Amino acid sequence: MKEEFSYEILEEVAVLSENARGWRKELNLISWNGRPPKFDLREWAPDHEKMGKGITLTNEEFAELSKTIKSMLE
Amino acid sequence: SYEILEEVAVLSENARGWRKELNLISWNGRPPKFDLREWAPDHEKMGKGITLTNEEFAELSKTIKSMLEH
């Protein structure tokens, strides 16, 4: 509970923050239910037992986010 | 309630007009935060998205930095 999340999370890419209850805002690469993998930015309970609110990035959005973050860093 | 202080980038585009955008947003007049979210045309309506603190956005930029190489 949930070993389902463990299967869907393909790569844990970044932990952005953690709160006093152990929840973390995370960038992960995720396949929801066998769908094409996507980057996912979202709050997760301590052992990924439950997810909170967040957003998925299609690969086109993630490249645009990435081109932006790069040029916006020199 | 909220104010968009800068529109930093549009990541994606709807057929129905909606865009996924990275913006700087001040909530209730507090210092702005980066915000990744879906917006209807003209920002007429706010959709689903997520706010990032300064520390969260810094870690994200560093991570993305690595994935390039730096």
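Residues numbered from 1 in each chain as written, not as in the entry; some residues may be left out. Chains lettered and ligands numbered in written order. Heavy atoms only, no water.

Per the PDB record, the structure was determined using X-ray crystallography to 2.001 Å resolution.

Draft legend 1. The sheet that holds strand β4 (residues 51–57) of chain A, seen in detail. Here we have four strands laid out as an open sheet, ordered β1-β2-β3-β4 (chain A), and antiparallel in their pairing. In the strand order of this sheet, the two ends are held by β1 (9–18) and β4 of chain A, each with one partner. When the angles between neighbouring strand axes are averaged without regard to direction, this sheet yields 20°. Relative to β4(A), strand β3 (residues 38–44) of chain A is paired through five bridges, and the arrangement is antiparallel. When the sheet's bridge partners are listed, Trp44(A) is paired in β4(A) with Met51(A). Of the strands in this sheet, β2 (24–30), β3 and β4 of chain A are in contact with helix α2 (residues 59–71) of chain A, which crosses β4(A) at around 85°. Contacting β1, β2 and β3 of chain A, helix α1 (residues 54–68) of chain B runs over the sheet at an angle of about 140° to β1(A). (Pairing = 2+ DSSP bridges. Helix = DSSP H or I, 4+ residues; strand = E, 2+ residues; numbered from the N terminus. Axes fitted to C-alpha atoms, helices over the stretch in contact; angles between N-to-C directions. Contact = heavy atoms within 4.5 Å.)

Draft legend 2. Main features of the pattern of salt bridges. Counting across every chain of the model gives six salt bridges over all chains. A salt bridge links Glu26(A) to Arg24(A); the shortest N-O distance between them is 2.9 Å. (Salt bridge = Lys/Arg side-chain N within 4 Å of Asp/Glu carboxyl O.)

Draft legend 3. Seen up close, the UniProt feature "domain: Transcriptional coactivator p15 (PC4) C-terminal" (unreviewed entry) in chain A. As recorded in UniProt, the feature "domain: Transcriptional coactivator p15 (PC4) C-terminal" (unreviewed entry) lies at residues 21–67 of chain A. A distance of 34 Å separates the end C-alpha atoms of residues 21–67 of chain A, which is 19% helix and 45% strand. (UniProt positions renumbered as here; feature names shortened; annotations may be inferred.)

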